[PDB]
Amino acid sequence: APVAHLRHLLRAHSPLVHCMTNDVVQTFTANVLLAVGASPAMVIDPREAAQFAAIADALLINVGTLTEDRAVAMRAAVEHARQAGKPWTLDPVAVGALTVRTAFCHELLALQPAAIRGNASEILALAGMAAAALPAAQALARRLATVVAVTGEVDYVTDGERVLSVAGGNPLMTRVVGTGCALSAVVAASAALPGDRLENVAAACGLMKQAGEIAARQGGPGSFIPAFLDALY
């Protein structure tokens, strides 16, 4: 609705998601993906990654703790997923603020991500230009024929033309690490599913904010994490 509908697609198709994400959020990413019914796989050697990105239903690239070696493996994965027809998702963590990852993400955009999930500043850096980032998101989306999700208190999602917004959640989500990085992994899995991509991405945003509102009622960030996983399951 389409949140309940997305819940059902995830459980029914159980997408296998190649996660190349950052060291702070890996465990939580895997647990989130398992809780919604998907299957996480973390593969990071350049050769293994190339091999696996062709096999997995979808690929997540998150640059939060980028290093030289991991960039090479990530570029390889992206190239083989693209050659295999597998959708890949970019999370441009702190792009705009740190040079190496900024340059790297500009290079990766050539290779046609199915979705880009970031905050206002990240999306502006990449567009070459959440709500004040909206013209940029639309520009970026049109340029790449991709879906862009610019996230915050309200999430905005666009394909260049249509814009959906998704309100809800709770401030507590920001005092716990890896909820946005986990949203990116759910968005990435959602690209592998049938239906309208824009609408599935807005649904993934809704799913995570609904779980977060439930888990936030506990009141503390420690208790939030178990409650959040429980509420996704």
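Numbers follow the displayed sequence, beginning with 1.
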Residues of the deposited sequence left unbuilt between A130 and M129: 10 or more
Segment of higher mean CA temperature factor, 58 to 66 or 191 to 199: 191 to 199
Mean temperature factor over C-alpha atoms, higher-scoring stretch between 76 to 84 and 155 to 163: 155 to 163
Highest-ranked of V176, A49, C205, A182 once sorted by CA temperature factor in the record: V176
Residue of maximum C-alpha B factor among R11, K209, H18, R217, per deposited coordinates: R217
Modelled-residue ranking by C-alpha temperature factor, third containing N170: highest
Ranked C-alpha temperature factor of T89 among modelled chain residues, by third: lowest
Among modelled residues of the same chain, the CA temperature factor third for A110: highest
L229 CA temperature factor, ranked by third within the chain: lowest
Entry-reported Cα temperature factor of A120, expressed as the chain third it lands in: highest
